[PDB]
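A.B. asks: I'd like to ask some things about the structure below.
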Amino acid sequence: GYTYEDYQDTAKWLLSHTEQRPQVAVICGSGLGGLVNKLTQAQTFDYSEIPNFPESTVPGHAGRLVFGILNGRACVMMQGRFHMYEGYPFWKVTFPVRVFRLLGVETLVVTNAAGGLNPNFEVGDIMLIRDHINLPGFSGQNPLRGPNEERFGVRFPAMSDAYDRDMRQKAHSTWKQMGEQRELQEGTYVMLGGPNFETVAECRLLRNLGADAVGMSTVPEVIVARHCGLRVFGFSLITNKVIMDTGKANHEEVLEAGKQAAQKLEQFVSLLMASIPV
Ligand SMILES: Nc1nc2ncn(CCNC(CO)CO)c2c(=O)[nH]1
Ligand SMILES: [Mg+2]
Ligand SMILES: [Zn+2]
């Protein structure tokens, strides 16, 4: 797909169009775009004006790259992301992650809306991603497939420690300072292709494999991020309890859930920003 140079050119283009030099990158999922307000000294670029960038076609994804200061911390946010079901191969879905590494970003925060498989989860819950299950990877659909680019990372990167332990600990401390009634959930995220929603037999199956939440994104990004050395932290906004007995999922409802949790996710991410090291 892309050559090392391609990533370089896009990085140089961003560096020369804004004075902002982000240390952290945040990828906002479906209905999580609101995080971009409260960003101060913001600078926005539409994905379409940035050389080599893909386009967001899904409802709820603005398709804008936003630079700014969040809580005394310089960062860059993807208001909208890319999904495999849209038609993009993983090397396109993850293009932004390598660009961020080339800008000097050290930490990546991934976020998404997902279905809750763990029966103890409630709509509106926030689940820290402690680990993931990459179903597409089982069959070979992987962003690292093909010749390896030594300049980014190694041929066989390990994924067992993908989700930084210290940041997860910090997220737990930050949450207690918020005095929330609900406790911070934590679990395994499983990714499948989409775009259709799962059947009851599929959900039972996912749950029995040890999954706590299901979605159609994020995993490709974490993989590429770990491959090029970025520290990674992530969470799912539980948008609905999945049906396990023989209603029905719809995107509008997931977006609605995102609006309702806006105040909560915004303060949570703001506070969290003051806890990133380096
Ligand atoms: N039952 C269920 N609830 C969900 N909430 C979000 N997603 C992730 C899929 N996200 C799509 C449509 O919301 C847009 O990226 C899901 C899902 O796959 N299943
Ligand atoms: Mg400015
Ligand atoms: Zn210009």
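Going by the structure tokens order, chains are called A, B, ..., each with residues numbered from 1, while ligands are numbered from 1 in the order shown.
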Write down as a PyMOL selection string the residues of range 27-273 of chain A whose backbone DSSP state falls under alpha helix (DSSP H).

C.D. replies: chain A and resi 90-93+95-103+135-138+165-177+200-208+219-227+251-273

A.B. asks: With a distance cut-off of 12 Å and only C-alpha atoms, select the neighbouring residues of residue 12 in chain A, excluding the residue or stretch itself and same-chain residues fewer than 6 positions from it, and output the selection as a PyMOL selection string.

C.D. replies: chain A and resi 5-6+18+50-51+99-100+102-104

A.B. asks: Would you return as a ChimeraX atom specification the members of range 18-182 of chain A that DSSP assigns to strand (DSSP E or B) on this structure's backbone?

C.D. replies: /A:24-28,40-46,64-69,74-79,107-116,126-134

A.B. asks: So that each row is one residue of chain A with an atom at most 8 Å from ligand 1, can you give its shortest atom pair and the distance in Å to one decimal, using only C-alpha atoms and all ligand atoms, rows by chain and rising number, as a Markdown table?

C.D. replies:
| residue | atom | partner | partner_atom_place_in_ligand_line | distance |
| --- | --- | --- | --- | --- |
| A:29 | CA | ligand 1 | 15 (O) | 7.5 |
| A:30 | CA | ligand 1 | 15 (O) | 5.9 |
| A:58 | CA | ligand 1 | 14 (C) | 7.1 |
| A:83 | CA | ligand 1 | 15 (O) | 7.0 |
| A:112 | CA | ligand 1 | 6 (C) | 7.7 |
| A:113 | CA | ligand 1 | 6 (C) | 4.7 |
| A:114 | CA | ligand 1 | 6 (C) | 3.5 |
| A:115 | CA | ligand 1 | 3 (N) | 3.5 |
| A:116 | CA | ligand 1 | 3 (N) | 6.9 |
| A:192 | CA | ligand 1 | 18 (O) | 7.7 |
| A:194 | CA | ligand 1 | 9 (C) | 7.0 |
| A:195 | CA | ligand 1 | 11 (C) | 6.7 |
| A:196 | CA | ligand 1 | 18 (O) | 7.8 |
| A:197 | CA | ligand 1 | 19 (N) | 5.3 |
| A:198 | CA | ligand 1 | 19 (N) | 6.2 |
| A:214 | CA | ligand 1 | 18 (O) | 5.3 |
| A:215 | CA | ligand 1 | 8 (C) | 3.7 |
| A:216 | CA | ligand 1 | 9 (C) | 5.1 |
| A:217 | CA | ligand 1 | 15 (O) | 7.0 |
| A:238 | CA | ligand 1 | 5 (N) | 6.9 |
| A:239 | CA | ligand 1 | 5 (N) | 5.1 |
| A:240 | CA | ligand 1 | 3 (N) | 5.5 |
| A:241 | CA | ligand 1 | 1 (N) | 6.9 |
| A:242 | CA | ligand 1 | 1 (N) | 4.8 |
| A:243 | CA | ligand 1 | 1 (N) | 7.5 |
| A:248 | CA | ligand 1 | 1 (N) | 8.0 |
| A:249 | CA | ligand 1 | 1 (N) | 5.5 |
| A:250 | CA | ligand 1 | 13 (O) | 6.7 |
| A:251 | CA | ligand 1 | 13 (O) | 4.3 |
| A:252 | CA | ligand 1 | 13 (O) | 7.7 |
| A:254 | CA | ligand 1 | 13 (O) | 5.6 |
| A:255 | CA | ligand 1 | 13 (O) | 7.5 |

A.B. asks: Include N, CA and C atoms and write out the residues we just selected as an mmCIF file, in the first residue's frame.

C.D. replies:
data_model
loop_
_atom_site.group_PDB
_atom_site.id
_atom_site.type_symbol
_atom_site.label_atom_id
_atom_site.label_comp_id
_atom_site.auth_asym_id
_atom_site.auth_seq_id
_atom_site.Cartn_x
_atom_site.Cartn_y
_atom_site.Cartn_z
ATOM 1 N N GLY A 29 -14.096 7.262 18.621
ATOM 2 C CA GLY A 29 -15.034 6.367 17.967
ATOM 3 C C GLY A 29 -16.414 6.961 17.696
ATOM 4 N N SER A 30 -17.349 6.089 17.333
ATOM 5 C CA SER A 30 -18.723 6.468 17.022
ATOM 6 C C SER A 30 -19.393 7.190 18.194
ATOM 7 N N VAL A 58 -18.715 6.856 7.551
ATOM 8 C CA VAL A 58 -19.721 6.432 8.523
ATOM 9 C C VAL A 58 -20.359 7.564 9.319
ATOM 10 N N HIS A 83 -12.989 2.088 9.139
ATOM 11 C CA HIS A 83 -13.345 0.707 9.435
ATOM 12 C C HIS A 83 -13.178 -0.160 8.202
ATOM 13 N N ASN A 112 -13.879 3.638 21.517
ATOM 14 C CA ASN A 112 -14.922 3.128 20.640
ATOM 15 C C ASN A 112 -16.199 2.906 21.421
ATOM 16 N N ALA A 113 -17.254 2.610 20.676
ATOM 17 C CA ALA A 113 -18.570 2.282 21.204
ATOM 18 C C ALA A 113 -18.641 0.784 20.883
ATOM 19 N N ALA A 114 -19.146 -0.013 21.807
ATOM 20 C CA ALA A 114 -19.182 -1.447 21.621
ATOM 21 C C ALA A 114 -20.388 -2.058 22.298
ATOM 22 N N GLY A 115 -20.678 -3.294 21.916
ATOM 23 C CA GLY A 115 -21.787 -3.992 22.523
ATOM 24 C C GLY A 115 -21.285 -4.741 23.732
ATOM 25 N N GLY A 116 -22.092 -4.757 24.787
ATOM 26 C CA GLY A 116 -21.714 -5.455 26.007
ATOM 27 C C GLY A 116 -22.129 -6.915 26.017
ATOM 28 N N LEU A 192 -14.780 -7.994 15.191
ATOM 29 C CA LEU A 192 -15.235 -8.771 14.048
ATOM 30 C C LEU A 192 -15.409 -7.779 12.898
ATOM 31 N N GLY A 194 -18.081 -6.767 10.607
ATOM 32 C CA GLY A 194 -19.187 -5.870 10.349
ATOM 33 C C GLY A 194 -19.482 -5.934 8.857
ATOM 34 N N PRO A 195 -20.381 -5.082 8.335
ATOM 35 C CA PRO A 195 -21.113 -4.032 9.041
ATOM 36 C C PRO A 195 -22.417 -4.459 9.716
ATOM 37 N N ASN A 196 -22.892 -5.679 9.456
ATOM 38 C CA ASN A 196 -24.131 -6.119 10.093
ATOM 39 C C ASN A 196 -23.877 -6.337 11.567
ATOM 40 N N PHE A 197 -24.955 -6.354 12.340
ATOM 41 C CA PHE A 197 -24.889 -6.596 13.776
ATOM 42 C C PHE A 197 -25.018 -8.110 13.947
ATOM 43 N N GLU A 198 -24.476 -8.619 15.046
ATOM 44 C CA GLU A 198 -24.433 -10.045 15.355
ATOM 45 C C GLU A 198 -25.755 -10.759 15.588
ATOM 46 N N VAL A 214 -17.947 -6.182 22.149
ATOM 47 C CA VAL A 214 -17.717 -6.407 20.712
ATOM 48 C C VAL A 214 -17.792 -5.143 19.891
ATOM 49 N N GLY A 215 -16.914 -5.053 18.913
ATOM 50 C CA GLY A 215 -16.912 -3.911 18.025
ATOM 51 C C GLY A 215 -16.340 -4.266 16.668
ATOM 52 N N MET A 216 -16.182 -3.259 15.811
ATOM 53 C CA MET A 216 -15.679 -3.460 14.455
ATOM 54 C C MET A 216 -14.482 -2.563 14.162
ATOM 55 N N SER A 217 -13.727 -2.214 15.198
ATOM 56 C CA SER A 217 -12.575 -1.341 14.979
ATOM 57 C C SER A 217 -11.518 -1.530 16.041
ATOM 58 N N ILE A 238 -19.811 1.324 26.497
ATOM 59 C CA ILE A 238 -20.803 0.294 26.300
ATOM 60 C C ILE A 238 -22.133 0.923 25.866
ATOM 61 N N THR A 239 -22.483 0.758 24.591
ATOM 62 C CA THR A 239 -23.710 1.327 24.053
ATOM 63 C C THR A 239 -24.938 0.425 24.165
ATOM 64 N N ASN A 240 -24.763 -0.845 24.491
ATOM 65 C CA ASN A 240 -25.944 -1.678 24.649
ATOM 66 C C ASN A 240 -25.650 -3.072 25.114
ATOM 67 N N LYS A 241 -26.606 -3.641 25.834
ATOM 68 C CA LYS A 241 -26.455 -4.998 26.301
ATOM 69 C C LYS A 241 -26.905 -5.825 25.111
ATOM 70 N N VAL A 242 -26.058 -6.741 24.660
ATOM 71 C CA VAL A 242 -26.413 -7.569 23.516
ATOM 72 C C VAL A 242 -27.411 -8.675 23.910
ATOM 73 N N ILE A 243 -28.348 -8.958 23.003
ATOM 74 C CA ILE A 243 -29.393 -9.973 23.185
ATOM 75 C C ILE A 243 -28.813 -11.387 23.142
ATOM 76 N N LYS A 248 -33.556 -4.969 18.804
ATOM 77 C CA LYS A 248 -32.498 -5.150 17.809
ATOM 78 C C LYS A 248 -31.610 -3.921 17.628
ATOM 79 N N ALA A 249 -30.304 -4.180 17.592
ATOM 80 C CA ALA A 249 -29.286 -3.142 17.465
ATOM 81 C C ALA A 249 -29.441 -2.252 16.237
ATOM 82 N N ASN A 250 -29.146 -0.965 16.416
ATOM 83 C CA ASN A 250 -29.219 0.024 15.340
ATOM 84 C C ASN A 250 -28.254 1.158 15.682
ATOM 85 N N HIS A 251 -27.524 1.627 14.676
ATOM 86 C CA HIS A 251 -26.516 2.666 14.859
ATOM 87 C C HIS A 251 -26.994 3.948 15.567
ATOM 88 N N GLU A 252 -28.209 4.400 15.248
ATOM 89 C CA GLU A 252 -28.787 5.609 15.832
ATOM 90 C C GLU A 252 -28.782 5.514 17.351
ATOM 91 N N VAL A 254 -26.717 3.715 19.134
ATOM 92 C CA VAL A 254 -25.362 3.777 19.694
ATOM 93 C C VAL A 254 -24.906 5.228 19.768
ATOM 94 N N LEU A 255 -25.263 6.017 18.752
ATOM 95 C CA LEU A 255 -24.898 7.434 18.719
ATOM 96 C C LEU A 255 -25.624 8.185 19.837
#

A.B. asks: Could you give me, as a PyMOL selection string, every polymer residue with an atom at most 6 Å away from an atom of ligand 2, counting only C-alpha atoms and all ligand atoms?

C.D. replies: chain A and resi 41-43

A.B. asks: Within 8 Å of ligand 3, counting only C-alpha atoms and all ligand atoms, which protein or nucleic acid residues do you find, written as a PyMOL selection string?

C.D. replies: chain A and resi 13+16-17

A.B. asks: Can I get the selection written as a compact mmCIF listing (two decimals), in the first residue's frame, with C-alpha atoms?

C.D. replies:
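Okay, this is what ended up in result.txt:
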# COMPACT_ATOMS: atom_id res chain seq x y z
CA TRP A 13 2.93 18.38 5.57
CA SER A 16 4.57 22.71 8.40
CA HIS A 17 0.87 23.67 8.62

A.B. asks: Let me make sure I understand: among A:47, A:67, A:4, A:189, which one has the smallest atom-to-atom distance to residue 127 in chain A if we use only C-alpha atoms?

C.D. replies: A:189

A.B. asks: With distances taken over only C-alpha atoms, which residue among A:37, A:213, A:231, A:98 lies nearest residue 267 in chain A?

C.D. replies: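 The closest residue to residue 267 in chain A is A:37.
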